[PDB]
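Quick notes on the structure that follows.
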Amino acid sequence: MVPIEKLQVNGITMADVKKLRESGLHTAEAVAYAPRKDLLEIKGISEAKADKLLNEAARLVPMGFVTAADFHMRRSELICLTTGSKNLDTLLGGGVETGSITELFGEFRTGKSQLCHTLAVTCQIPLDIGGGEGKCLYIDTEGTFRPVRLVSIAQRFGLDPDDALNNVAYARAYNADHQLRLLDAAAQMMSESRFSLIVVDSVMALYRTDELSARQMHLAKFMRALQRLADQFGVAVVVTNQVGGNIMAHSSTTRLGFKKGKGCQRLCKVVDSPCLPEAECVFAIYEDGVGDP
Amino acid sequence: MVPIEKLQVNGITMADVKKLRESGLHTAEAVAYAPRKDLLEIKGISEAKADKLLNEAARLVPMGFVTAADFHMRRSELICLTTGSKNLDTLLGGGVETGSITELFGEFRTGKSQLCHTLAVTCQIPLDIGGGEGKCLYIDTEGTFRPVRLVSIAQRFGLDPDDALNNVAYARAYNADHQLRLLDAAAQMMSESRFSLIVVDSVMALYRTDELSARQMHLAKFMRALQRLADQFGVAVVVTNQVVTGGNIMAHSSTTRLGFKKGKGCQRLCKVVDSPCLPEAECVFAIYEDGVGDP
Amino acid sequence: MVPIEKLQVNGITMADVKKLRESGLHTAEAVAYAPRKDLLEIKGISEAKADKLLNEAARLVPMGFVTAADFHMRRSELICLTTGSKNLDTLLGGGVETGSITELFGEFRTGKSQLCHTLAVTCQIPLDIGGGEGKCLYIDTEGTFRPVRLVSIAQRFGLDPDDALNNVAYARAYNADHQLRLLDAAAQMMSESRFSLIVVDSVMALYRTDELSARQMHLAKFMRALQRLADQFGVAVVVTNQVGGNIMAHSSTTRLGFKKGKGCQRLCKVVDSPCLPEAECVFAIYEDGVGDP
Amino acid sequence: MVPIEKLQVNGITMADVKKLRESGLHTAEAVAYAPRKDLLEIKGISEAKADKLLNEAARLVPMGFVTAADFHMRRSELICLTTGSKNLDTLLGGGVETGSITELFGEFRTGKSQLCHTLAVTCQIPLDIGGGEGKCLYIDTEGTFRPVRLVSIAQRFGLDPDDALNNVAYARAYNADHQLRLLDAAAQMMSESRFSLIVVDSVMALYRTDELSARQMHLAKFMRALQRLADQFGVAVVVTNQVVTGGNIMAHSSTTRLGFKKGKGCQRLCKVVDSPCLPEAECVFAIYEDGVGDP
Amino acid sequence: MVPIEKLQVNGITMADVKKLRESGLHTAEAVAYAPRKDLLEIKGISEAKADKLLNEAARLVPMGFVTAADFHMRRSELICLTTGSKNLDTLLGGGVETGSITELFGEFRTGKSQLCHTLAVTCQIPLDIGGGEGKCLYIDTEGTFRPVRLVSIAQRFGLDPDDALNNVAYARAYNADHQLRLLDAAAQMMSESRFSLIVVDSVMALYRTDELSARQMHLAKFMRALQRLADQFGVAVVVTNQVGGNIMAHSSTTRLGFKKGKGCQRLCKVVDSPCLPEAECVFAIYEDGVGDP
Amino acid sequence: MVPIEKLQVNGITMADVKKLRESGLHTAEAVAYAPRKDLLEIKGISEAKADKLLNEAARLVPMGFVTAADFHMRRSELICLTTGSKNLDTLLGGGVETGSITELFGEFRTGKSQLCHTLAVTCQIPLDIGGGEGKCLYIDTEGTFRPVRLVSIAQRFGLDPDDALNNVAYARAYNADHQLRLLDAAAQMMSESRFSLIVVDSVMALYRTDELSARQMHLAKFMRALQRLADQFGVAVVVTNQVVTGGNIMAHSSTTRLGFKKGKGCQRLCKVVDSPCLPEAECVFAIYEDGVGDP
C-alpha cells in the first residue's frame, strides 16, 4: 500500500492530495485505479494536474503486463491466515488466502459464523504461527456479533483480550446502501493503520429483505469494491452467504461449502477453487473457535 | 505484419516514426489504414511528409480490390484457433475465426470464462492440430485470472507449462480508461513478437460507473481499437460480455456472437446467434479441469 | 461508354491519351466532363491540344440541350436490375434503376445488407430474366462481406458459383479517404470490362468513426463521384445508409426505406422517388437472397 | 429582343455579324451594350465598321435617360412568374421578378429544388393567371432532374404535359466551364424562340474542385453572363445556392435573395433576406406532389 | 450657368451656335472652357468666328486670376444639400457641398447607396430647409435603383411623390463607355432645366468588369468631365466607390469613409477634406432615408 | 526686372511699347532676349525702330560674358525657397532653386500637391529664414485648389492668413490654350508687383484631349514660356507632372527633376533624379495638416 502522501512530488501538493482524500481516494492504488474522469470532476483538479497524478501513481503501482507465469509468482508469495484446523488449513493450502475474496457458504448454523470469529483473531497472530499481524474489519449485517465470544479465542492464542478487541473494527450495516457507505469509510481506516482481513457477514441477507436487476447491480458493485480493497490493501476478504449467489461466485476466487456434520463436527468442501483440489474434510467447533476433532 | 521500422526510407526518420508510435500507429498497416488527417495532426508531420508515408506504407500493404472468389480463398486459408470441442468447433465452422472480433456472452458462470482459458492455450498449438502458434494477450477486468488453472490445460495439449505461461501476457485493468492505455502498449508487443489471440474479459466493464450515452460511446471507441488490432496483426479477438445501445454497440461491431446458457451439471448449451456466414444453431459442450471439451 | 481510344484522331496520339489515363480520365465521358483546367495541368497537354480533345469527346458524348420531354425518353429505355421480389420490383417499377444512385436506408439488420448481396448477383443475370449481364463492384466498409453466402444465391439463379464470384470485385475500405481512392481505381476497371452495378455499403459509417463541415464535404464529393460513374458507365449505384443523411438524399434519386417486419418478413417504403408512387410493401429474406413471402 | 439579323444594314453583312455570334453577342442588345473594345477585338471588325454597328444597334435599343417615375412604371408593367403560393408570391410582391437574377439559397432539401420545377412551368402559364407565356431554360448541375415530376405540376395548371415538357430545354452541365459554354448556346436559343425563365441549379458547383480566389472569380464571370442574358432577353433568372467572397460574390450580383429553412413535416419557412425594394419578412409555404403551394 | 443663347451677339448667329450645340457645347462655360481647336474643327466655324466666341464667353465666365483669399469667398457662398442627419451634416459642415465632387466610399452595404437616395431628394427641397430646389441626375451602374423606395423619403420631406419622381433623371449605364456618352446627353439636359445634384453610383465597378492603364485613362477622363459639369452648372456631384481609387481621390475634393456600425447604425469618417476636420461620427438608416439615431 | 516703361526713350513711345505688350514682351529682358525677327513682325515696328530698342534694352540688361567663377558666385547669392523639410532642403541643396524650372513628378497622391502649397507660402517668408519675400502665381489645372488649407500653413510660418492669401494669384485653367493665355496675363502682373514663385499644377494636362505629336509640341511651347518668365523675372517655377516625347519634352526642358513615391502612412520618399549640379539621392519627408515637413 503506497500512501497518497508519496504522490506529493513534481508539483502535487498535500493540498491537491487532500482534495483527493475528501473525494474518496486513499492510496496511490486508488489514484492509479481511479478513472480519469473521476479525478477531473474533483473541483480544483486541472485536466493537466490529473494527468500528472495518474502518471505518477502508475510509477509506484504496476499497471502493466507480465508474463502469466510471472504473475503466478507474485501471487503465491502471499500471506495465509489460518482457520484453526489442521484438517481445514490443509485443505485450504495453509488457510484463507489474502489479496482475494473467499466465500463461505452453507445452511444456517453450519459453522460459518463460527469461523469468521476465529479468523477475526488469527489475523492478529504473528506470521510465523499462522496469522497476519494486522487488525480486522468486521462488517456484520445480521446482528449476531457478540465480542464476548472472542476473548475465549484470543486466549487460546494468547492475546491481551481487552486489547485484542481494541484491535477490531465493528460495523453494523442496517441497509444495503449503508453496507457500501462503510466500505469507503473503512478505507480511510485501512489507510491509517494496517489491517489483515475484512469480513462481511452476510453479504446477502440485507439484500433480500431491503426489482432484482437493481438489486443484482448494487450487489455486484459491492463484491467489486471488496475485491478492490483487497488489491488496494492486500487484506483478505471473507464473505459468508447463507442459503445472486453467482454474483458472488464470480467475484470470489475461493468458494467453501459448509455442511452440518454430526454433533459439533462440521463437514466442508472446497467447491471450485483455482489451484486447490476438490476435497471435503471435517472440522469442528468449540468454545474457543474453530478447530480439529 | 510490417513493422514501422520499414517505413524508414526516402526521408522518413526513426525520429519521424517515433512521433507516430507515441501518437498511436504501430504498423505499416496502421499508417496505411490511418486517415490522412490523422497523420497531419501529429505535431511534426508535414502535409508533405505525411503524403511520403501514406505512399510508402501503401507499397508494403495492399488495400486494393481482388475478385470475390479470390477473396473467399484467402478467407479459408485463414487460421482458426480451436475451442476444444468437436461439437463446438463444428459449430463455429472450425473455431474462433481470426482477423475478427468474436463475442461470447451469457449469464454468470455459463462457461465463457472457462473457454477463454483454453483458447488461451490452443493459440500456442501447432496449426495442424488446431492452434495458431502464437502467444496470447489476455486483458482481465474482473480479477478472476488464476494461471495455475492453465497448466492442467496446457498439459492436455502438451506444452512445458511453466513455459506456456511465459507465453501469455497478463493485464489486469483497473479502470475503463487504462483498459485502453493498455491496448496501445499491447501493440508495441504484438509488434515485437508474434501473438495469435487477444482476450478481453469482460469488455462490458466499460459500462460500470468506472452518463450512459458517454459509456455507450467508449465501448465503441474500444471495440473499434480492438477490431483494428485484428486488422493490424491478424490475431483473433475474443471478448466476453456478461449479462449478470448496450448489447447493440456490441451487436454492430462484432463479427461473431456467441451466446452461452447454463446446461445440466457441467454441460452448457451455446448458440451461434447472429454471424455473417455461420448458421444459427446451438449445441452442447462441457467443462472440466483441463478446460473446455465435449461431453 | 466510349473508350478513350476513340479520341485518337485528328492529332491525338495514344501517347497523349496515355498521359490522360495515368492522369485520371478513363472514358470520352471523362474527358468531356473533365474541366478544362484539369487537362491543361496534365504535363504535356498543350492549351491547344486540350481544346482538340474537349472538342472531340463532345462530338461522341451529348453535351447539349434536349427538350425536357425528349430527356425522359432516353432515361426510361434503361435497364432495371432486379431485387428478387415481385412485390419489391413491382414497387420499384421493375427493380433498381441504372444510371442513377439508389439509397437504401434503415435500422440495423432491417434487410439492407441482405439485398445488396442478391443484387450483387442479379446483375450478372441475362437481361431477359431481370439482370444486367455485367460484373459487380462491391465496396464494403463495415467488414461484413462474406462471399460464401453468394453461392446459395447464384445457385438460385443458376451460375457456376466459383465462376460468379470470379465475377465480383471486392474492396474493403478502411478510411473515408481510401473509400475514394478506390472509386478511381474502379473506373480503370469499369473501363477494361463491363460492369452492371456498384455497391458501397455503408457510405456513411466510415465517415462517423474516422469538424462536421470537412466531413460533410468529403462525403458529398463522394456521392458525386458515384453519381458520375453512373453517368460515365451506365451502371447502377446502390448505397446503404444505416441509422449528413441529406447529403445522400440529395444526390440520390431513389430512396428506399426499410423497416423490420415480423420474423423474417421486412416491410419497405418508397419514400420520395421521382416517378414512382409512395407505396410500402412487404418482402422477405431467405438463405438464397431476397424474395417474396 | 432584337435579333442580330436586324443589324444587317448600311454595310453590315451576315458574315460580319456571324463573326459576332461566334464571338459572343447574340442580340442587338448585346452589341449595344457591348463595350467598344469588345468589338474591335473581334478579328475582322474594323475600328470603323465597329462604329457602324454600335451606332446601328443604338437606334434599335434605347439606353437613354427616362424620368424616374417614368421608370417605375415600366417596372410595374413587368411580368412576374409565380411561385404557386399566395403567401409566397405575396411576399415576393407577386412573384419572381424578371429582368433580374433571383437567388434561392438554403440547406439541402429545404424546398428550393421543388420550387424551380413549379416555376419551370408557371413560366408557360398565361400572363393573366400568373405566368410568362414563355418556354424555360433549365441548367442542371447536380443530376436530380427528373421530368416525370413536372406533369403532375403542369396538370395542376392545365397543359398537355408531353406538350409542356417539349417546352423545356434541359441541360446537364458536367464541368464548371461547360456551364458557361452552354449559356452561350442558350442564347442562340432564346434568340430563335421566346423564353420566360432560366434556372441554374446549382450555380455554386462553380465552387467544387471541378485556388479559391480563381473559383470565386469564375462565379462572378458567370453570374454576370446570367445577368446579362436577363438584360438581353427579358427573362427571369433563378439560381439556387445550397449551403450543405463565397456567399458574397452572390450577395453583390444578385438582385433578390431568398433563404430557405426546413419547416415542420413538408411545410417550409422562407425569408426575403436582402432585396432592393422588398421588405425583410418570412413566411411559410409548402410542398406537394404537383409542386409548391400554400399550406 | 450662362446659356449659349447669350453668345448671340456682335455677329454670332443662333445658327452658328446651333452648330455648337450638335457639336457638344451647351453653355458659355462650355465655349469658354472649350479648347480653341475644338471650335475650329466644327464644320463652319471660321478661325476668325471662333476667336469671336472664345472672346465673348470669356466676358460672361471668369477666366482670370483672383487673389487666393478672394477665391475663398466665391467658394463658401455655395449652397449645401443635406444628408438628413444632424450628426452627419454637422460633420460635413452643413452637408454635401455643391460645385465639387464628393466621394463616398466603403464596403458593400455600409450605407452609401442608402444616402444617395435620400440626397436624391433633399436636392428638391427648399433652400431654407436644406435642399437645392433643383432636379437630379442619377446614373446607376449596378442595377440596384428602385424608385419605389423614394416615395417613403420624399414623403418625409413632403413632396407629391409621383411628382418628385417625375423630378429625377434615371440612367442605367451598361458599359464604361456609355457611362460617358451619357454625361454629354446630361448636359443637354442640365442645360434645359435646372438640376441640383448628379449621382453616379458606382463610378468604378463598371470599370472592373468590362490593360489597366487604358482603363485608368478612361476613368480619369470621367472624373474630369464630372468635375467639369460641376463647374459648368453648379450642381453637386456624388460618387460612390465600393471596396484606381486614387484617380478618384484626386479629382474628388470631399472624401467620406463609411463603416458598418451596429444593427442599422453606421459609423462614417471625414477622411481628408480641404477645410473640414478629420472627425468620425455615427448616423443611421431607416425606411425613409438617412437620418440620426 | 526692368519694366518696359524704361525703354521709353530716344524715340520710343509708350504707344510703340504698348504694341510690344499686346505682342508678348513685358520686360526689358523680354525685348533684350527677343530675337530680332520677333520685333520686326510686330505690326508697326520699323526695321530701324526695332534696332533702336534691342540697342536700348541691351544697355539695361547685360547678356555678356563673365568669368565662370564670377558666374558661380552670382549663382550662390541666388534665393532658394524652402520645402519645409530639412531632409528635403538638404537634398535640394537648400531648396527649390529660382531662375529655373523644377519638376515634381510622381503617382497620384504621392506628396506633390502638398508641397506646392507649402512652397506657396514659404515664398512669402523672409530671405533669412528661407523664403523669397515675393508673392505667388499658382496655376491650377485640376481643380483641387482649396485656400483654406493654406492658413494652417501660413500660421506655421506666422503670417496674417487672410493677408497671405491676398498674397496669392489663383488661376484655374480650363483649356490647354487658356493655360497659355494666362502666362501672358501673368507677366503683366509680375511686372506690376514682385513675385517669388510660379506653380503650374499640373502642366501635363497639356496632354489630355483638351494628334500626340501636336500635344508633345504644345507642351514645349509652354515649358519654354515658363522658362522664359523665370529668366524675365527671377522667379522660381515649379511644375507637377502626374503619372497616374511625353516624359521627355519634360526631361529636356527642366532643370531640376524630382520624383515622388508613396512612403508608409503619411511619410513619402523622394529622389533627385537627374539635375545638373545635385547628386542623385533619395530621402524621406512627410505630410501634415500645416504642410510639408520632416518625419
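So you can find residues: chains in the C-alpha cells are A, B, ... in the order shown, residues in each start at 1, and ligands are numbered from 1 in order.
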
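Using only C-alpha atoms, the protein and nucleic acid residues lying no more than 6 Å from region 189-205 of chain F, apart from those fewer than 2 places from it along its own chain, are residues 123, 132, 134, 135, 136, 137, 138, 139, 140, 141, 186, 187, 207, 208, 235, 236, 237, 238, 239, 240 and 241 of chain F.
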
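Around residue 2 (chain E), within 7 Å and counting only C-alpha atoms, the residues found are residues 27, 28 and 29 of chain E, once anything fewer than 6 positions away on its own chain is removed.
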
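Atom to atom, CA of residue 1 (chain C) and CA of residue 191 (chain C) stand 8.3 Å apart.
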
message = Give me, as a list in words, the residues of chain C touching chain D, with the criterion being at most 7 Å (counting only C-alpha atoms).
response = residues 33, 34, 35, 36, 64, 65, 66, 67, 68, 69, 70, 72, 246, 250, 251, 253, 274 and 275 of chain C

ask   = Can you tell me, as a PyMOL selection string, what residues are no more than 7 Å from residue 94 (chain A) when counting only C-alpha atoms, ignoring any on the same chain fewer than 3 positions away?
value = chain A and resi 80+82+89-90

Quick one: chain A onto chain E, least squares on all Cα paired in order, result as a short mmCIF file (atom, residue, chain, number, x, y, z; two decimals) with C-alpha atoms, in the first residue's frame?
data_model
loop_
_atom_site.label_atom_id
_atom_site.label_comp_id
_atom_site.auth_asym_id
_atom_site.auth_seq_id
_atom_site.Cartn_x
_atom_site.Cartn_y
_atom_site.Cartn_z
CA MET A 1 -24.89 78.97 -65.95
CA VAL A 2 -24.91 81.26 -68.86
CA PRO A 3 -26.99 79.76 -71.65
CA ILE A 4 -25.35 79.73 -75.07
CA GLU A 5 -28.12 81.91 -76.42
CA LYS A 6 -26.31 84.84 -74.64
CA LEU A 7 -23.38 84.48 -77.05
CA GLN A 8 -25.63 85.53 -79.94
CA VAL A 9 -24.12 88.98 -80.27
CA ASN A 10 -21.75 91.06 -82.42
CA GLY A 11 -22.01 88.51 -85.25
CA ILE A 12 -22.89 85.18 -83.70
CA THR A 13 -25.97 83.63 -85.01
CA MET A 14 -28.28 81.18 -83.36
CA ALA A 15 -27.27 79.19 -86.33
CA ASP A 16 -23.50 79.34 -85.62
CA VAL A 17 -24.40 78.49 -82.07
CA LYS A 18 -26.71 75.67 -83.12
CA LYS A 19 -23.63 74.26 -84.93
CA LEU A 20 -22.09 74.28 -81.39
CA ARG A 21 -24.89 72.54 -79.60
CA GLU A 22 -24.86 69.44 -82.03
CA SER A 23 -21.15 69.71 -81.61
CA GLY A 24 -21.16 69.30 -77.92
CA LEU A 25 -21.04 72.61 -76.08
CA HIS A 26 -24.16 73.58 -74.06
CA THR A 27 -23.16 76.71 -72.10
CA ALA A 28 -20.91 79.80 -72.30
CA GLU A 29 -18.94 77.90 -69.86
CA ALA A 30 -18.63 75.17 -72.45
CA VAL A 31 -17.41 77.50 -75.03
CA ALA A 32 -15.16 79.40 -72.69
CA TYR A 33 -13.59 76.18 -71.44
CA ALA A 34 -13.57 74.53 -74.80
CA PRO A 35 -10.19 74.35 -76.44
CA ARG A 36 -9.58 76.55 -79.41
CA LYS A 37 -9.07 73.69 -81.67
CA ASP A 38 -12.35 72.12 -80.67
CA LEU A 39 -14.20 75.10 -82.14
CA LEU A 40 -12.09 75.29 -85.36
CA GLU A 41 -12.99 71.65 -86.11
CA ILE A 42 -16.72 72.39 -86.01
CA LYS A 43 -17.55 72.47 -89.72
CA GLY A 44 -18.42 76.14 -90.49
CA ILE A 45 -16.70 77.81 -87.58
CA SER A 46 -14.27 80.26 -89.06
CA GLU A 47 -10.81 80.59 -87.35
CA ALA A 48 -11.94 84.23 -87.02
CA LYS A 49 -15.54 83.40 -85.99
CA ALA A 50 -14.02 81.11 -83.28
CA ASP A 51 -11.88 83.78 -81.77
CA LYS A 52 -15.15 85.98 -81.69
CA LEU A 53 -16.77 83.39 -79.40
CA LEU A 54 -13.94 82.48 -77.01
CA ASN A 55 -13.61 86.20 -76.64
CA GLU A 56 -17.24 86.68 -75.88
CA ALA A 57 -17.90 83.85 -73.48
CA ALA A 58 -14.71 84.95 -71.64
CA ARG A 59 -16.54 88.19 -70.87
CA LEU A 60 -19.54 86.24 -69.27
CA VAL A 61 -17.40 83.45 -67.46
CA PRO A 62 -14.40 84.49 -65.21
CA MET A 63 -11.23 83.21 -66.71
CA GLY A 64 -8.95 85.24 -64.74
CA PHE A 65 -6.79 85.48 -61.72
CA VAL A 66 -8.14 86.37 -58.28
CA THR A 67 -6.28 86.72 -55.09
CA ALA A 68 -6.44 83.32 -53.37
CA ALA A 69 -8.31 84.83 -50.41
CA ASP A 70 -10.66 86.39 -52.91
CA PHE A 71 -11.23 82.87 -54.25
CA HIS A 72 -12.35 81.52 -50.91
CA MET A 73 -15.16 83.93 -50.65
CA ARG A 74 -16.81 82.95 -54.00
CA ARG A 75 -16.48 79.25 -52.90
CA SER A 76 -18.18 79.26 -49.41
CA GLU A 77 -21.31 81.25 -50.67
CA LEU A 78 -22.29 77.95 -52.11
CA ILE A 79 -25.36 76.02 -51.42
CA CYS A 80 -25.11 72.71 -49.29
CA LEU A 81 -27.52 69.76 -49.86
CA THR A 82 -28.38 67.86 -46.81
CA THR A 83 -27.80 64.31 -45.74
CA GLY A 84 -30.68 64.03 -43.36
CA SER A 85 -28.62 63.55 -40.31
CA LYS A 86 -27.67 66.36 -37.96
CA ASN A 87 -24.70 64.44 -36.77
CA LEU A 88 -23.75 63.82 -40.44
CA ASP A 89 -24.40 67.36 -41.82
CA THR A 90 -22.64 68.68 -38.73
CA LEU A 91 -19.69 66.71 -39.81
CA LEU A 92 -19.94 67.78 -43.44
CA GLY A 93 -20.23 71.42 -42.35
CA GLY A 94 -23.86 71.62 -43.29
CA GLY A 95 -23.97 68.81 -45.92
CA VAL A 96 -22.66 67.73 -49.35
CA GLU A 97 -21.04 70.84 -50.93
CA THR A 98 -22.02 71.77 -54.48
CA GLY A 99 -19.75 72.76 -57.32
CA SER A 100 -17.43 69.99 -56.31
CA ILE A 101 -17.20 66.17 -56.39
CA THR A 102 -17.69 64.29 -53.16
CA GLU A 103 -16.75 60.61 -52.97
CA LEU A 104 -18.49 58.13 -50.78
CA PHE A 105 -16.69 55.02 -50.25
CA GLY A 106 -16.81 51.94 -48.18
CA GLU A 107 -17.58 48.23 -48.08
CA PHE A 108 -20.63 46.69 -49.53
CA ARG A 109 -23.83 47.57 -47.82
CA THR A 110 -22.28 50.20 -45.48
CA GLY A 111 -24.92 52.81 -46.04
CA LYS A 112 -23.76 54.54 -49.20
CA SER A 113 -26.43 53.55 -51.59
CA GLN A 114 -28.83 54.45 -48.96
CA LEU A 115 -27.60 58.03 -48.75
CA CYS A 116 -27.60 58.84 -52.44
CA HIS A 117 -31.30 58.10 -52.41
CA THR A 118 -32.05 60.50 -49.68
CA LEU A 119 -29.72 63.12 -51.25
CA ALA A 120 -31.66 62.36 -54.45
CA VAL A 121 -34.48 64.07 -52.89
CA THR A 122 -33.19 66.63 -50.48
CA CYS A 123 -31.88 68.24 -53.53
CA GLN A 124 -35.51 69.12 -54.43
CA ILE A 125 -36.08 70.71 -51.08
CA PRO A 126 -36.35 74.39 -50.47
CA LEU A 127 -33.00 76.15 -49.73
CA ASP A 128 -34.19 77.24 -46.37
CA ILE A 129 -34.72 73.67 -45.00
CA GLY A 130 -31.58 72.22 -46.58
CA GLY A 131 -32.10 71.34 -50.23
CA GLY A 132 -31.22 72.83 -53.59
CA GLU A 133 -34.53 73.25 -55.30
CA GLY A 134 -33.20 71.61 -58.34
CA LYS A 135 -33.87 68.27 -60.09
CA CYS A 136 -31.47 65.18 -60.00
CA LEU A 137 -29.42 63.19 -62.40
CA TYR A 138 -28.86 59.74 -61.16
CA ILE A 139 -26.52 57.46 -63.01
CA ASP A 140 -26.80 53.96 -61.80
CA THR A 141 -24.26 51.36 -62.86
CA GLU A 142 -25.09 48.43 -60.76
CA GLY A 143 -28.81 47.93 -61.35
CA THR A 144 -30.00 48.41 -57.78
CA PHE A 145 -32.08 51.52 -58.35
CA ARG A 146 -35.63 51.10 -57.39
CA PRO A 147 -37.80 54.28 -57.39
CA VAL A 148 -40.37 52.81 -55.09
CA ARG A 149 -38.02 53.33 -52.12
CA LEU A 150 -38.02 57.16 -52.74
CA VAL A 151 -41.65 57.98 -52.07
CA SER A 152 -41.18 56.99 -48.46
CA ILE A 153 -38.33 59.58 -48.40
CA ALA A 154 -39.94 62.25 -50.37
CA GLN A 155 -42.90 61.93 -48.03
CA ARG A 156 -40.74 62.53 -45.08
CA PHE A 157 -39.97 65.80 -46.67
CA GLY A 158 -43.37 66.37 -48.09
CA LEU A 159 -43.41 66.18 -51.89
CA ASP A 160 -46.05 64.90 -54.23
CA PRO A 161 -44.31 61.57 -54.71
CA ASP A 162 -45.45 60.63 -58.25
CA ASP A 163 -44.32 64.25 -58.83
CA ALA A 164 -40.93 64.05 -57.02
CA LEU A 165 -40.01 61.06 -59.10
CA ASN A 166 -41.01 62.98 -62.29
CA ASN A 167 -38.25 65.16 -60.95
CA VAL A 168 -35.43 62.59 -61.44
CA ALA A 169 -33.48 61.61 -64.43
CA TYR A 170 -32.53 57.96 -64.41
CA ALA A 171 -29.85 56.27 -66.38
CA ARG A 172 -28.63 52.83 -66.39
CA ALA A 173 -25.10 52.59 -67.74
CA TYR A 174 -24.29 49.23 -69.22
CA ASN A 175 -20.63 49.80 -70.26
CA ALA A 176 -17.95 52.07 -69.13
CA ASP A 177 -18.02 53.94 -72.42
CA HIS A 178 -21.74 54.50 -72.23
CA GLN A 179 -21.22 55.94 -68.79
CA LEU A 180 -19.67 58.92 -70.59
CA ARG A 181 -21.96 59.07 -73.62
CA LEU A 182 -24.47 59.90 -71.02
CA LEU A 183 -22.65 62.68 -69.26
CA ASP A 184 -22.94 64.57 -72.53
CA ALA A 185 -26.57 63.89 -73.05
CA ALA A 186 -26.99 65.03 -69.39
CA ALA A 187 -25.69 68.36 -70.11
CA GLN A 188 -28.17 68.87 -72.92
CA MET A 189 -30.47 68.39 -70.02
CA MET A 190 -28.87 70.42 -67.24
CA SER A 191 -28.99 72.98 -69.97
CA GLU A 192 -32.71 72.94 -70.49
CA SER A 193 -33.85 72.74 -66.84
CA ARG A 194 -32.11 73.39 -63.55
CA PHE A 195 -30.57 70.43 -61.58
CA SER A 196 -29.20 70.43 -58.09
CA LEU A 197 -27.03 67.22 -57.93
CA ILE A 198 -25.62 64.29 -60.01
CA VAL A 199 -25.03 60.89 -58.66
CA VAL A 200 -23.03 58.20 -60.30
CA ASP A 201 -23.09 55.07 -58.37
CA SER A 202 -20.69 53.35 -58.66
CA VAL A 203 -18.14 55.08 -60.78
CA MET A 204 -15.98 52.12 -60.58
CA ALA A 205 -17.43 48.64 -60.92
CA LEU A 206 -18.33 49.02 -64.45
CA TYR A 207 -14.66 49.77 -64.95
CA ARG A 208 -13.52 46.49 -63.40
CA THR A 209 -15.77 44.08 -65.12
CA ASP A 210 -15.81 45.47 -68.63
CA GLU A 211 -4.71 46.78 -69.91
CA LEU A 212 -5.21 48.87 -66.58
CA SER A 213 -3.52 51.93 -67.99
CA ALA A 214 -6.27 52.25 -70.76
CA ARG A 215 -8.78 51.79 -68.06
CA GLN A 216 -7.02 54.08 -65.77
CA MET A 217 -7.34 56.79 -68.56
CA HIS A 218 -10.99 56.30 -69.37
CA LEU A 219 -11.69 56.70 -65.75
CA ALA A 220 -9.84 59.86 -65.02
CA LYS A 221 -11.26 61.35 -68.18
CA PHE A 222 -14.63 60.78 -66.47
CA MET A 223 -13.95 62.12 -63.03
CA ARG A 224 -12.86 65.11 -65.05
CA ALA A 225 -15.96 65.55 -67.07
CA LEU A 226 -17.95 65.21 -63.87
CA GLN A 227 -15.84 67.81 -62.33
CA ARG A 228 -16.43 69.98 -65.21
CA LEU A 229 -20.21 69.62 -65.09
CA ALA A 230 -19.94 70.82 -61.58
CA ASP A 231 -18.17 73.96 -62.77
CA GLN A 232 -20.42 74.25 -65.80
CA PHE A 233 -23.76 74.00 -63.82
CA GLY A 234 -23.02 74.50 -60.17
CA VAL A 235 -24.52 71.13 -59.30
CA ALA A 236 -23.10 68.72 -56.63
CA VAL A 237 -21.61 65.51 -57.80
CA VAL A 238 -21.67 62.47 -55.59
CA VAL A 239 -19.90 59.35 -56.49
CA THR A 240 -19.79 56.06 -54.61
CA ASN A 241 -16.91 53.73 -54.73
CA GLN A 242 -17.22 50.28 -53.22
CA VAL A 243 -14.35 48.40 -51.98
CA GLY A 244 -7.81 53.43 -59.37
CA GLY A 245 -9.16 54.63 -56.07
CA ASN A 246 -6.67 57.49 -56.40
CA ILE A 247 -7.86 58.56 -59.68
CA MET A 248 -10.96 59.45 -57.78
CA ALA A 249 -9.44 60.78 -54.67
CA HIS A 250 -7.54 63.17 -56.81
CA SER A 251 -10.47 64.67 -58.53
CA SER A 252 -12.63 64.47 -55.57
CA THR A 253 -12.48 67.26 -53.09
CA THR A 254 -14.52 65.64 -50.35
CA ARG A 255 -13.88 62.05 -49.30
CA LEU A 256 -16.18 60.25 -46.86
CA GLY A 257 -15.43 56.89 -45.43
CA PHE A 258 -18.27 54.66 -44.37
CA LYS A 259 -18.05 51.77 -41.94
CA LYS A 260 -20.74 49.38 -40.86
CA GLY A 261 -21.91 50.37 -37.37
CA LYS A 262 -24.10 48.14 -35.14
CA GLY A 263 -27.61 46.94 -36.24
CA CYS A 264 -28.64 49.69 -38.52
CA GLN A 265 -26.37 52.44 -37.21
CA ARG A 266 -23.38 53.29 -39.44
CA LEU A 267 -20.18 54.93 -38.44
CA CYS A 268 -18.56 57.35 -41.10
CA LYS A 269 -15.35 59.42 -41.30
CA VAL A 270 -14.32 62.54 -42.96
CA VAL A 271 -11.07 61.26 -44.31
CA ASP A 272 -9.07 64.03 -45.93
CA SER A 273 -11.21 67.11 -46.80
CA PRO A 274 -9.79 70.50 -47.51
CA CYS A 275 -11.44 72.75 -44.86
CA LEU A 276 -13.18 70.33 -42.54
CA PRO A 277 -11.57 68.38 -39.66
CA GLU A 278 -10.91 64.59 -39.54
CA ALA A 279 -13.81 63.54 -37.30
CA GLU A 280 -15.90 60.36 -37.41
CA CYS A 281 -19.50 60.15 -36.24
CA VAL A 282 -22.44 57.85 -36.30
CA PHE A 283 -25.60 58.06 -38.33
CA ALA A 284 -28.24 55.68 -39.31
CA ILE A 285 -30.56 54.20 -41.85
CA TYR A 286 -34.34 53.81 -41.85
CA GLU A 287 -37.18 53.18 -44.28
CA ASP A 288 -37.42 56.85 -45.16
CA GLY A 289 -33.72 57.57 -45.85
CA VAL A 290 -30.66 58.50 -43.87
CA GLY A 291 -31.09 60.04 -40.50
CA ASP A 292 -29.99 60.37 -36.87
CA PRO A 293 -30.11 57.60 -34.25
#

task = Could you please write out, as a PyMOL selection string, every residue of region 41-252 of chain C that DSSP assigns to alpha helix (DSSP H)?
result = chain C and resi 47-60+68-76+86-92+112-119+148-157+161-164+178-185+187-192+206-209+213-233+246-251

inquiry  = Need the shell around residue 260 (chain F): protein/DNA/RNA residues with any atom at most 8 Å away, counting only C-alpha atoms. Skip same-chain ones fewer than 4 positions apart. Format as a PyMOL selection string?
reply    = chain F and resi 104-107+110-112+268-271
